[PDB]
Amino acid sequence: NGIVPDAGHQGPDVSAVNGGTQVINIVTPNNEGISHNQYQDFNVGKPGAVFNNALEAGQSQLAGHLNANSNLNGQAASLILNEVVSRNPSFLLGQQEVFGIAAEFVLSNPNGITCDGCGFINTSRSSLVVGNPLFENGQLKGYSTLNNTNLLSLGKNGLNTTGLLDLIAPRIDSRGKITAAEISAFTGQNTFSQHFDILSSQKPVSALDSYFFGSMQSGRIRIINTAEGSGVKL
């Protein structure tokens, strides 16, 4: 299993079905509508991974027939926040599907994230964050890439989604086709709001250079690099 949940109260049940497809019964959403899931490992292979945000049974694209997620207590998650709480980087080599009600989707891993032929299904917005979520008394306040020089890598097989895409990291190295409704890439050492407004920035001690190679198939692309002196190479 590529995805290994944390042992604690934010660890969802993760099961393998079929020929290796992972099914994640995400944890009960809080009052903000956030399903906050914590992981020791978060990796996706070509069989893909399905996050059950369904209030009634049905057919998933990647895992066939699934029952409803009864953790949801009749209310689907608005945001599925997946947080790696170990030192293990993430490798995403297949599709990630939200089964049931469309939601916003976040993966945070301050140790690094690599995408190569990964994608997102039934998400309104998907965000990859090489950094940590920020909490105050149980409430999500935003995200941080402070004190971090690690990499978001996008491989030759690219990344695809029909929804919005955010790429958030100290630096980004992309070598493949990125397909999305909109692409927002924010680089450097920053604190963010929940909506990825930049609230503060550090100047890195050494250059944090990002590289984008290959096509971007999107009608709207924004690249913001706050590392003063550092550049974006295309």
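Just count from 1 along the sequence shown to find any residue number.
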(message) Regarding 74 to 82 and 101 to 109, which shows the higher C-alpha temperature factor on average in the entry?
(response) 74 to 82
(request) Take the C-alpha B-factors listed in the entry for 64 to 72 and for 29 to 37, compute each mean, and give the stretch with the larger one. (result) 64 to 72
(message) Highest Cα temperature factor in the entry, among the options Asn53, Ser200, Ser206, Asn43: which one is it?
(response) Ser206
(request) Classify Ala7 as lowest, middle or highest third according to the C-alpha B-factor given in the PDB entry, relative to its own chain. (result) lowest
(request) Would you mind checking where the Cα B-factor of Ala181 ranks among the modelled residues of its chain, as the lowest, middle or highest third? (result) middle
(request) Divide the modelled residues of the chain into thirds by Cα B-factor and specify which third, lowest, middle or highest, holds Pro47. (result) highest
(message) For the chain shown, is the CA B-factor of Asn148 in the lowest, middle or highest third of its modelled residues?
(response) lowest
(request) Select lowest, middle or highest to describe the third in which the CA B-factor of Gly138 falls within its chain in this entry. (result) highest
